[PDB]
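Asker: This one's experimental. Sequence and coordinates below.
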Amino acid sequence: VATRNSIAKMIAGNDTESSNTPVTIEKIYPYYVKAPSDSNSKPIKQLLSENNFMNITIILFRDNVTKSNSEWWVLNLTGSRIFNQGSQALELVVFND
Ligand SMILES: *[C@@H]1O[C@H](CO)[C@@H](O)[C@H](O)[C@H]1NC(C)=O
């Protein structure tokens, strides 16, 4: 309920005080996914179980320097940094078959 309330306040941003903070959700985004030769791909729970703390941050970016209402979303995976740190980005480890 807290995450839903926060994202509601953000998408209906009318305060210019809040909505500048990325809202975090837990237990969402796996890291290690195997892509077999078939159609089905499998998120490996052996190498990393999805029952642990997995952070995913969100925030709605917008601006008027474009002189228009052209907004978009942006995600972030800053906790548990991997090589090529590059804050405010995502990374997926895939096991090809
Ligand atoms: C923003 O919209 C919500 C929708 O009800 C309202 O509760 C809130 O008071 C509004 N805030 C401002 C600053 O307009």
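Answerer: Happy to help now that I have it. Numbering: from 1, shown residues only.

Asker: Count the neighbours of the residue nearest to residue 62 when sequence neighbours are not counted for me.
Answerer: With Cβ to Cβ, 6 or more residues apart in numbering as the criterion, residue 62 has its nearest non-adjacent residue at 3.5 Å, and that residue is residue 71. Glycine gets a C-beta too; all of them are placed from N, C-alpha and C. Residue 71 is flanked by 12 other residues according to other Cβ atoms under 10 Å.

Asker: Residue 69 now?
Answerer: As a burial measure, residue 69 scores 8 neighbours (other Cβ under 10 Å).

Asker: Thought residue 63 was touching it, still the case?
Answerer: No - contact criterion Cβ atoms under 8 Å: residue 69 and residue 63 do not qualify, at 9.5 Å.

Asker: surely residue 96 meets residue 37?
Answerer: No - the criterion here is Cβ under 8 Å, and residue 96 misses it with residue 37 at 9.2 Å.

Asker: Name the SS class of residue 80, please.
Answerer: Secondary structure assignment for residue 80 (DSSP: H, G, I helix; E, B strand; the rest coil): coil.

Asker: Which strand in this structure has the most residues?
Answerer: Using DSSP state E, we find that the single longest strand of the chain is strand 55-61.

Asker: Please write out the alpha-carbon positions of that one in CSV.
Answerer: C-alpha atoms of strand 55-61 as CSV (Å, rounded to 0.1, in the frame of the first residue of the first chain):
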residue,chain,number,x,y,z
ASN,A,55,15.8,-3.4,-5.0
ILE,A,56,14.3,-1.6,-8.0
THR,A,57,14.0,2.2,-8.1
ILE,A,58,11.6,4.2,-10.2
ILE,A,59,10.9,7.8,-10.9
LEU,A,60,9.0,9.9,-13.5
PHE,A,61,11.3,12.2,-15.3
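
Asker: Show me what that strand packs onto, helices and strands only.
Answerer: helix 2-11, strand 23-26, strand 72-76 (3 or more Cβ pairs under 8 Å, 6 or more residues apart in numbering; DSSP states H and E).

Asker: Thanks a lot, see you next time.
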